[PDB]
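Note sheet for the following structure.
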Amino acid sequence: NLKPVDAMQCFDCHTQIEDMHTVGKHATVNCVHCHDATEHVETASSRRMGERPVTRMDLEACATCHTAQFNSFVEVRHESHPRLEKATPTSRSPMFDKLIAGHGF
Amino acid sequence: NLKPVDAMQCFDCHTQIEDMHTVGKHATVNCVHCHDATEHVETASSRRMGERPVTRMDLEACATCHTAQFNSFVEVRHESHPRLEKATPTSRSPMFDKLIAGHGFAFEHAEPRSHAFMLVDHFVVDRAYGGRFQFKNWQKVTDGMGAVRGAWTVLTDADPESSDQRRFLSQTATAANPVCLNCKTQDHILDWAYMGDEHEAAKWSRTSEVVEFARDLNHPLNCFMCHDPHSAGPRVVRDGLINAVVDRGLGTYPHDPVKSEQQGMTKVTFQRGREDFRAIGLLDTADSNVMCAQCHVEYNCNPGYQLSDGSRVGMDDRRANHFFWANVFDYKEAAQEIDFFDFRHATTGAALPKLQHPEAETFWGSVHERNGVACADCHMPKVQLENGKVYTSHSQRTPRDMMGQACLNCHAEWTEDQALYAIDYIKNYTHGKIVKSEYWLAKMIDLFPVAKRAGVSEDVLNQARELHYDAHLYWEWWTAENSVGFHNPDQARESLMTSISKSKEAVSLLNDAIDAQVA
Amino acid sequence: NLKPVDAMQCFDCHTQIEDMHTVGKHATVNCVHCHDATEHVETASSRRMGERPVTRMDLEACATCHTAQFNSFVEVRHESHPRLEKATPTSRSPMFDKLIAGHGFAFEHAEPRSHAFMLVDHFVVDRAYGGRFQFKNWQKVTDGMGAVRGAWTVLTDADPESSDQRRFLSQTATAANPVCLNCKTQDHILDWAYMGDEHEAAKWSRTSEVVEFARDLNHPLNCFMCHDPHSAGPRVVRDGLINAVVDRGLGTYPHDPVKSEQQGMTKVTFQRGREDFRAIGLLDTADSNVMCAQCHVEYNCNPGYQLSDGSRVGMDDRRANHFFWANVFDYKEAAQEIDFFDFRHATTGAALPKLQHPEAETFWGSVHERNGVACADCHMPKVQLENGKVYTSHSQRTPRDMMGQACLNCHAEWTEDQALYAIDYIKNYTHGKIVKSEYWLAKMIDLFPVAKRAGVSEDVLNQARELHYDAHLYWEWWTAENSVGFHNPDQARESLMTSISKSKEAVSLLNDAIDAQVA
Amino acid sequence: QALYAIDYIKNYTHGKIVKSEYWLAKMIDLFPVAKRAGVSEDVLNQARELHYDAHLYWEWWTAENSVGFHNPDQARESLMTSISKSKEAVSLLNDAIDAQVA
Ligand code: HEC
Ligand code: HEC
Ligand code: HEC
Ligand code: HEC
Ligand code: HEC
Ligand code: HEC
Ligand code: HEC
Ligand code: HEC
Ligand code: HEC
Ligand code: HEC
Ligand code: HEC
Ligand code: HEC
Ligand code: HEC
Ligand code: HEC
Ligand SMILES: O=S([O-])[O-]
Ligand SMILES: O=S([O-])[O-]
Ligand SMILES: O=S([O-])[O-]
Ligand SMILES: O=S([O-])[O-]
Ligand SMILES: O=S([O-])[O-]
Ligand SMILES: O=S([O-])[O-]
Ligand SMILES: [Ca+2]
Ligand SMILES: [Ca+2]
């Protein structure tokens, strides 16, 4: 279970994040949803990072509160033929190999 | 109404049939279901046949007690497009005509359709009999049950008065010979000696007039090709296969000695005048990998040429009926071991092999084969019934028609759409590489006339001809093989990349040589 | 694996089996498929059975060679709603409880479902065995294949230590007796003398303890109920039917002497210790009208009472096992001929008949019957296959499931929607008249308590009771009959109008008498 | 079954149309090679007369909208004639080009 951190502590150094976070629709979303900054806060100065905080980049960090958008995003369209080569007579560019010779494609 | 005969009378002379019939699941099935031997019994001695008994080879002889299997077998899959030419831009091999020039398949090569039609399609294809045989009219192409009842109930012969192979229409060929028929019917099973060798007791052999042989044959894929009629046990009857597995001792799984011993074959020989005549291979287990390998293999069934000196190898030669029993990476070695090639390319002059539907040899070593899966698991699964006696579907067709039983019972993690998507990823990837292999082969082929007219040396041309053999082999295997890579996707990928490598080597060799002649 | 026996040795004693078996389509089918007679043959003489041979009565004995027919038979029609009570406002007989009061069917009477369930459904219904038998759990109700394998594989007995019929739950009855089982199974075919008469060679009879009899029975609708296992020819085995058609000389079509002669039945008798024991009726043609009439008829299979003096007619009396073989307009005379009625109405005190599923007798004289149509044409049609060996569907069910084969081959002028619309016009019209018949019968029934309390004379009440017999007969026939008029719409209409006429007559009689007592 | 019968005819006829085009294209591609090899006008005019026939007996079937269904035997005979004419022209030009090379 996540425990919230005091964002006011971060805002002393992170004034651009403060201006963005406090005004927008994530004003109530605590930093702990995406950052583990415990050792960072202990070691940082106003101009030196100290220990680097961890930042979550996985999409599940957003899926917790936005499951509908996440589930719609990850759906696989099976009708979109997979690994279908464009340089064939039934696809987009029947003469592609002749025309693109010399290129990695 | 059938009247039973006393089998004890037959068993006095037929001791091998006795040992098989009395022990198996047909112990109660009387000989009269398949044999009319009244005059035979009156005239035979222990070593002389006397009057020849009649033996029924029609599939209806089995359908009487096995209607479910018979009806499943004869169903026509209308979704399997009929007479669909592979050498078109929307099919398997868009550049096939350029690449195969010099071979009889240039006249016509269609995708396969349902098993009921195998004998009639063999008779009517433009490459086989010069156009001599046709369906009675264009409506008969739909009639699977008619074809099963007999080819000659649905076909006509342009000239019943002659028996020579000749062209009746200009763009046909006369490639058929008696060996072809072994993979279309076994109506001749008592009239053909092992391998089609000359034999006093054989009516037909490799050197027979194939038009006369054709007229004597009626039924496709007889039920007894996979099931011994006497024991009801699993078997093969195809001589080429028995020769590879047993005579040459290669085993049913040549890459796996342990599996070969567990799932082996025992050769049983029948004699005429106390001389070996024909043989069957009894299987240890009901192993469809080996049963379907009677036909779904790469083979020679045709005249050809020797690699060593270029001399003709005719139908009289044993090499005209040969199962290579080798996967794509062992094939060149196997063709060198019998000193054989199929044709010279019309443009390049290269000696080349001709590959046909090598499904069984491709399947070896694949993930599914290594996990003990067999052809029937995907192509003839058990029927699923809420309430009913289970039987094995004999409608041998793509698993797309029965994904629940063919794939999803094993792959519980997938929906039908996910399993179809996995198949398509493999086939799409493999097809893309087949198209690229053909592009590069065609580019090489087109340089041969340019090189010849530029005065490039025979030495350089012969180097390019040796590369053509390999480029062709490692491409054609995959257009011949019917799963478009699914049966062994890693092997297809490796082979097709090898094809392209060989072609690119040949293109570089010829372009350099042409440019040197220009300078 | 089965090993054949020497059938010629059996025939030294079994001459009637020899005459049937050697001539028919099972001449090649060895006895070992259905009999284990090893010890019998060692100990028998032509005059003494010795050890009793074992005879297989399971349907799998036939499914081995006739899988298509067996699988079509065992299929469960999930659309045939299970355990659906007819005495509800949305089913066949909304006022059934009032009208049938005093009879065992008041405890439960459901709509029929698939044939696979007939024996298990007989055992578990609340009116039959006091609630003694249940499915092992409520999931087993779906298991058609399990019921066919054997009732006691899917059912439990509340008290295996007792054999008496008693109530295990309050609202049940114990109406089952040994005659019922003749229409549910023929597992007892070698243990039951003709009609269930007492016989030294019969284990079971009309007077047996039905719970003990029940425990010995396993399979529903054995395949040999319609097909003789020795000749494979068409037959019936039901004693009540052979008795009506042959012994009482009524003929297979009592209204058509010419059709009775063309489509007749020959009684074949089998003896024990040189006395007649059991019989079958071999049919001239494969006439499903007569085969289905083994069970789909109005019958006595129960104790009742004499119409003459009201005395008890018990299971020991031959009348306890009786096919009336009479249409609705001949039934009253047919019941008077044997001097029999079923129950006294709980409210009116009237002697009343109890009618059950008279499909065969209703079908006589209908437009379809007169045109040579038979039950199987609509309920067991031939399968239509694009390519395959045709066989007869054994899934005996509504033609709504297979209209192309059941109706539209004959009725080419119609689409499926039009044919269904014609069926519904008849069923809607008939159901409307059934509901009006019930309304008027219920009205009459409710006047009896009022009349008794007003002091109406017994003479008037007895005239009304006579009318009740007729009003009841001419209504209940149509709630019992399963086609809701379709099998004979004009007859249903005439009969139901007769019922309403009789009820209206009784209502008038009782209202006048009540009003006279008040005045 | 009726759709399957249509498709058998159209598939067969389309396969022959594709083969006729392959051979016509092979002949067409030799004309520039022959011209630049110095092949005689006499040989080129022979090949031009064959081109008329090869073209006619092919184009009729790409122009005709049933893909052979309206007359399958006639399509088959015509397309085989097209291929025959093209093959004759290819042989004529290849021989002439090779004679110029020698
Ligand atoms: C001043 C003492 C700081 C306090 C309190 C916090 N942070 Fe910080 N942070 C600080 C510096 C000087 C830097 C280097 C970047 C810069 O602006 O000069 C950072 C960096 C981060 C980052 C980026 C990490 C990376 O991978 O690049 C994050 C995500 C971050 N800081 C978050 C953060 C949070 C959530 C805090 C409150 C719990 C917080 N910081 C406190 C300086 C200071
Ligand atoms: C729960 C603790 C949240 C997490 C984690 C994330 N978001 Fe969010 N988001 C949240 C709320 C309560 C709201 C306000 C909803 C409202 O309509 O009032 C939002 C809003 C958004 C929006 C809409 C913004 C707008 O201006 O309209 C977006 C596009 C959004 N959120 C995206 C988002 C992403 C990409 C996240 C992962 C990095 C994410 N949110 C986390 C609650 C929560
Ligand atoms: C000894 C007198 C025999 C009796 C009795 C039966 N058969 Fe026979 N049969 C016999 C010989 C010597 C041969 C030639 C083959 C050999 O083993 O030497 C045969 C051949 C057959 C065949 C093959 C026919 C063919 O087309 O090749 C069949 C199907 C056959 N025999 C069946 C058969 C049956 C069913 C018999 C009992 C009714 C029977 N035979 C009796 C020798 C003898
Ligand atoms: C009825 C007279 C039969 C004819 C004709 C054929 N077969 Fe048969 N077969 C029959 C029976 C009674 C059985 C035993 C069924 C059982 O499960 O006990 C069989 C069995 C088979 C089998 C299964 C064998 C096994 O070892 O599992 C096969 C593959 C089989 N039969 C095939 C077969 C073929 C190909 C026939 C035509 C040549 C044929 N049978 C005829 C009954 C009858
Ligand atoms: C030789 C007697 C064969 C045996 C044994 C098997 N197959 Fe076959 N198969 C064969 C031919 C000649 C054809 C083409 C028939 C035609 O008229 O075109 C085929 C076809 C198939 C197909 C395609 C079916 C479709 O719907 O298009 C499949 C899927 C197939 N074959 C599979 C298969 C399996 C799994 C076998 C062992 C059980 C098998 N075949 C045996 C020739 C022969
Ligand atoms: C009645 C007015 C017809 C209509 C509409 C169609 N067909 Fe027909 N067809 C008809 C006849 C009398 C015949 C000849 C029958 C014979 O056996 O002599 C046919 C023939 C065909 C054929 C065979 C053609 C051949 O060249 O051999 C086919 C494949 C065919 N018909 C198919 C067909 C289809 C698909 C139709 C709808 C588009 C169709 N036919 C219409 C009678 C009539
Ligand atoms: C068994 C080793 C075979 C021999 C010998 C012959 N063929 Fe065959 N054929 C075989 C299979 C397994 C298949 C289906 C798979 C496939 O790739 O097509 C076929 C298919 C045919 C077809 C239909 C497809 C087509 O190519 O048009 C025809 C017309 C056909 N085969 C003809 C034929 C001829 C003329 C043969 C001797 C030269 C011949 N086949 C041999 C298996 C076997
Ligand atoms: C090889 C290409 C086959 C041909 C030709 C025929 N059948 Fe077959 N059969 C085949 C396999 C692989 C199996 C399953 C074996 C296993 O145990 O997994 C079967 C099975 C049968 C059976 C057994 C009952 C069942 O499982 O359905 C019967 C009775 C049977 N087959 C009959 C049969 C008939 C009548 C055929 C001609 C129409 C027929 N088989 C052809 C493989 C092959
Ligand atoms: C499942 C794991 C399989 C096993 C084992 C075998 N095959 Fe197969 N096959 C499989 C797929 C998914 C496909 C592609 C089907 C599609 O619709 O995309 C195939 C294809 C074939 C074909 C061509 C069928 C057609 O195009 O209609 C043939 C002739 C075929 N396979 C034969 C075959 C044989 C003889 C096998 C045992 C050696 C075999 N297959 C194994 C899936 C599976
Ligand atoms: C295989 C060993 C069989 C067993 C066990 C049973 N039957 Fe059979 N039956 C068998 C054959 C080979 C045939 C003849 C098929 C033909 O058309 O030639 C039959 C036939 C029937 C028929 C049709 C009879 C007719 O006169 O048309 C029926 C109705 C039939 N069989 C029913 C049947 C029943 C009910 C069985 C269990 C008692 C049964 N058969 C066993 C093969 C075999
Ligand atoms: C797993 C969590 C289950 C779900 C969801 C459902 N059922 Fe179930 N059911 C389950 C068990 C473990 C049992 C007892 C099984 C046993 O053999 O001991 C059952 C029982 C039933 C029964 C029989 C009830 C009885 O009183 O005898 C029925 C008819 C049944 N289950 C049906 C059913 C349906 C229709 C469900 C979806 C609504 C369902 N079950 C959910 C396990 C679980
Ligand atoms: C043959 C003349 C029969 C005798 C004797 C018995 N029954 Fe019956 N039963 C018969 C048929 C043709 C049908 C189906 C048609 C219908 O109208 O239902 C039935 C149905 C049943 C059912 C299921 C429906 C129901 O009423 O709940 C049961 C439970 C049933 N039968 C039980 C039963 C009992 C207990 C019998 C002896 C008193 C009895 N049946 C006799 C045919 C015949
Ligand atoms: C009477 C209620 C039947 C019972 C019980 C069984 N079958 Fe039947 N069968 C029935 C009819 C009316 C017919 C058709 C007769 C006609 O000629 O129209 C049949 C037919 C058969 C056949 C013949 C082949 C066919 O037509 O399908 C067989 C082999 C057969 N039936 C087998 C069979 C088996 C195995 C049964 C028990 C599962 C069975 N029948 C029950 C009527 C009746
Ligand atoms: C076609 C002309 C028929 C003949 C001949 C027989 N029946 Fe019938 N039946 C028929 C219809 C249209 C219906 C109503 C079906 C519906 O879905 O509305 C029926 C009904 C039955 C039923 C009840 C079936 C059910 O409700 O699911 C039974 C038990 C039944 N019929 C039996 C039966 C018998 C034994 C016949 C020969 C004497 C018979 N039917 C003839 C159509 C036809
Ligand atoms: O607020 S940011 O700029 O550190
Ligand atoms: O039994 S066979 O070998 O004649
Ligand atoms: O020609 S057969 O091998 O496809
Ligand atoms: O043949 S029987 O009647 O013993
Ligand atoms: O032996 S018999 O005939 O009584
Ligand atoms: O009770 S049976 O007759 O429906
Ligand atoms: Ca080959
Ligand atoms: Ca009654």
Side-chain angles (χ1 to χ4, degrees), chain A residues 1-4 25-26 28-37 52-105, chain B residues 84-98 400 403 413-444 446-447 475 478-479 484-486 489-490 492-493 496-497 499-500 503-504 507-508 511:
Chain A
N1 289 5
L2 299 173
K3 312 297 168 190
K25 286 209 201 297
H26 276 174
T28 67
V29 180
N30 192 266
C31 321
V32 74
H33 282 282
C34 305
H35 299 291
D36 174 4
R52 184 185 300 274
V54 175
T55 297
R56 285 179 64 182
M57 314 231 158
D58 60 286
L59 287 69
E60 288 92 9
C62 309
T64 47
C65 297
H66 301 300
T67 295
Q69 296 81 3
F70 173 83
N71 274 357
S72 72
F73 165 69
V74 296
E75 290 172 21
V76 168
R77 184 170 186 266
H78 296 112
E79 298 76 11
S80 290
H81 304 307
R83 206 82 186 242
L84 198 133
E85 170 61 55
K86 281 170 67 179
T88 67
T90 56
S91 189
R92 297 285 327 275
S93 191
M95 287 176 184
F96 191 68
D97 273 303
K98 182 178 299 275
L99 275 47
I100 219 70
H103 195 268
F105 274 45
Chain B
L84 198 133
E85 170 61 55
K86 281 170 67 179
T88 67
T90 56
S91 189
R92 297 285 327 275
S93 191
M95 287 176 184
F96 191 68
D97 273 303
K98 182 178 299 275
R400 293 186 195 258
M403 291 290 286
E413 76 283 3
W414 268 344
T415 61
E416 180 165 352
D417 283 347
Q418 291 177 302
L420 294 170
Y421 192 78
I423 295 167
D424 288 328
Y425 190 108
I426 289 162
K427 298 180 79 169
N428 287 343
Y429 177 79
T430 305
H431 183 67
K433 297 309 180 194
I434 289 172
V435 170
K436 286 188 189 299
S437 294
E438 294 188 7
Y439 170 75
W440 282 102
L441 265 159
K443 184 177 173 66
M444 173 199 69
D446 289 341
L447 286 167
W475 154 73
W478 306 99
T479 53
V484 199
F486 184 85
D490 288 328
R493 182 180 188 215
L496 291 163
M497 288 192 178
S499 179
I500 295 166
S503 290
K504 278 177 176 186
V507 167
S508 185
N511 275 327

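Below, chains carry the letters A, B, ... as their sequence lines are ordered, and counting in each starts from 1.
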- Is it true that a side-chain atom of B:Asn428 and a backbone atom of A:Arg83 form a donor plus acceptor pair closer than 3.5 Å? no
- Note on the structure: Most contact-rich option vs chain B, by heavy-atom pairs under 4.5 angstrom, among A:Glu79, A:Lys86, A:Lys98, is A:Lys98
- Note: B:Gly432 and A:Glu85 closest approach over all heavy atoms is CA-CB, 3.9 Å
When rounded to the nearest 0.5 angstrom, what is the spacing between [atom1] in [X] and [atom2] in [Y]?
X: A:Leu84; Y: B:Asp424; atom1: CG; atom2: CG; value: 9.0 Å
X: A:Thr90; Y: B:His431; atom1: OG1; atom2: NE2; value: 5.0 Å
X: B:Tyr425; Y: A:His81; atom1: OH; atom2: NE2; value: 15.0 Å

- Close contacts, residues 52-70 of chain A versus chain B, judged by heavy atoms under 4.5 Å: none
- Working for side chain to side chain contact (heavy atoms under 4.5 Å, CB included), residues B:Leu420 and A:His78: CA-CA 9 Å; B:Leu420 294 170; A:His78 296 112; over 6 Å; no
- Item | Region of B:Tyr439 in contact with chain A, defined by heavy-atom distances below 4.5 Å | side chain
- Message: Heavy-atom cut-off 4.5 Å, strictly under: side chain, backbone, both or neither for B:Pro94 against chain A?
- Response: side chain
